[PDB]
Each structure stands twice: as structure tokens, then as C-alpha cells.
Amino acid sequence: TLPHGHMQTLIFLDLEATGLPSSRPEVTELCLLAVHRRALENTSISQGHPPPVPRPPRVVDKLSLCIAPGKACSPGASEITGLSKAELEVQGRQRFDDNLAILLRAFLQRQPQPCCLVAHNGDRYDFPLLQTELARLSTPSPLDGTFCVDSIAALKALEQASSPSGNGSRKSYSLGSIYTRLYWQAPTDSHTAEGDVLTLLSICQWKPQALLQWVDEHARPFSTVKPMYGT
């Protein structure tokens, strides 16, 4: 049974940032793609080998923002994301501030509840980092009433259900690895927030109903997510 009822909204989420967790990173870009449960329930499965990449539902809400970090990106981070602190400031990007939190709140309020965030390795990166970024602000966390799941665990379950191999053979569950296994194509616009969100949506549309059920079964409160680091 379900610990928090049926999720009515799935918000696929990705961030770009200044580096990996040990660097105490800051968000440089974020993308939200909100899809209603019904749009997933009515997603048509293809049984092709490989199946074609599914198209996103007609009805979606999308938000994509570039964000000026308080610290510089690592050379690696810059090279893969195509972003830098200097260039973001040049183009007048504002920081992760109260106005952004208010922006996120209004966007989230337009989505039916309960709502569940979906992010690849979200449990170990995206969710803790958002918790940290939002905790810095006086604006109450816009995500405090929302739930969240990690799509890695989701896809491990779904792929292992599909017949072998592996059959106990280990494989990568990186975003790109999954996408390529499922669709035999390289993902496009890699390590851009919107690009990776669309990639995430695609692998989540591989088995729409099975994913929805898994999400409903494993959704936990975002309020329970430990911040990546502290002030």
C-alpha cells in the first residue's frame, strides 16, 4: 500500500552546480518539469527493439532558470555544463535568493497535491543541495510539503524486472547509461538542466504505469532530506 496516497504531480528535476559534494557546491541552473499523473497513465508504450524515444505529454509546466553562484565553478563543472560564474554574472543572473524561493513556491502551487520530485541520484545530490540552498533563506521552504524519489532506484527495479541479461550482472545506472540501454541513442544536451530533465522524463516514460506505482510506493517527505552541508 501507499504511505502518502497517489502522487497527483510528478516534478522531474535536475540541477547544474559548481562541483561535487565535497566542494560544498552551489546551484548554477535548475529545471522543473511538472507532469500530471493522468498524462503518465495515458502514455503509450512501444514494444519496439529499440523503442522510439517517447514524446513529452502535451500538457506540462516547465521552469528553467540560470542562477549566479556565490562561488566559482570547478574547471570540470564548467566544461561539462557550459556555464561559469563570470558569464552568469555578465548576463545579470541573480543568486539563489528569496525571490527565487517565492518563484518556486508560486510554480509549485499551480500543481495538484500531493506532489513528488524526481531526480537522478536526487537522494545523494539534488535533494540535499536544494535543502541546503533553501535553508539559507528566510522564506519558508517551498518544498516542505512536497515528496521526493530517486529515479536510480526506480530504474534499477524496472530494468531488473525486464528479462536478462544482466541476471545478476552489474551495469551502470548513470542517466546516460540507462537512456542508451533503453533507446540505443546518446542523450542530447547533456549536463544542461533542461536537457537532462528531458532525458530523465524519457527513461521514466519507458514503463509509465510501473514507474508511477513505484513512485507512489517510495515517495518520502522532502522535509526529511538531510542538507548536503551547513552554514
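The numbering used is simple: start at 1 and walk along the sequence shown. Basically, rigid core = biggest C-alpha set you can superpose within 1.5 Å across the two forms.
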Completion exercise
22-30 or 184-192, the stretch lying farther from the shown form in 6 other deposited structures of this protein by root mean square CA distance over structures and residues, after core fitting, is 184-192
Problem - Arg38: gap in at least one third of other compared structures - result: no
Exercise for the section: Establish whether the other compared PDB entries of this protein leave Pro56 unmodelled at least a third of the time. Expected result: no
Exercise for the section: Can you let me know which of the two, 116-124 or 70-78, has the higher average C-alpha B-factor in the entry? Expected result: 70-78
Exercise for the section: Identify the stretch, either 209-217 or 15-23, whose C-alpha atoms have the larger mean B-factor according to the entry. Expected result: 209-217
Practice task
Sort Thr28, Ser64, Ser177, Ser169 by C-alpha B-factor from the entry and give me just the highest.
Solution key: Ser169
Exercise for the section: Choose from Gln94, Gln160, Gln111, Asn99 the residue with the greatest Cα B-factor as stated in the PDB record. Expected result: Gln160
Handout entry: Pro56 by Cα B-factor - lowest, middle or highest third of the modelled chain
Key = middle
Exercise for the section: Comparing against every modelled residue in the chain, figure out the third that the C-alpha B-factor of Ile45 lands in (lowest, middle or highest). Expected result: highest
Practice task
Could you tell me which third, lowest, middle or highest, the C-alpha B-factor of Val90 occupies within its chain?
Solution key: highest
Practice task
State the tercile, meaning the lowest, middle or highest third, of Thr199 with respect to the CA B-factors recorded for its chain.
Solution key: lowest
Handout entry: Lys156 - which third its CA temperature factor falls in, relative to the rest of the chain
Key = highest
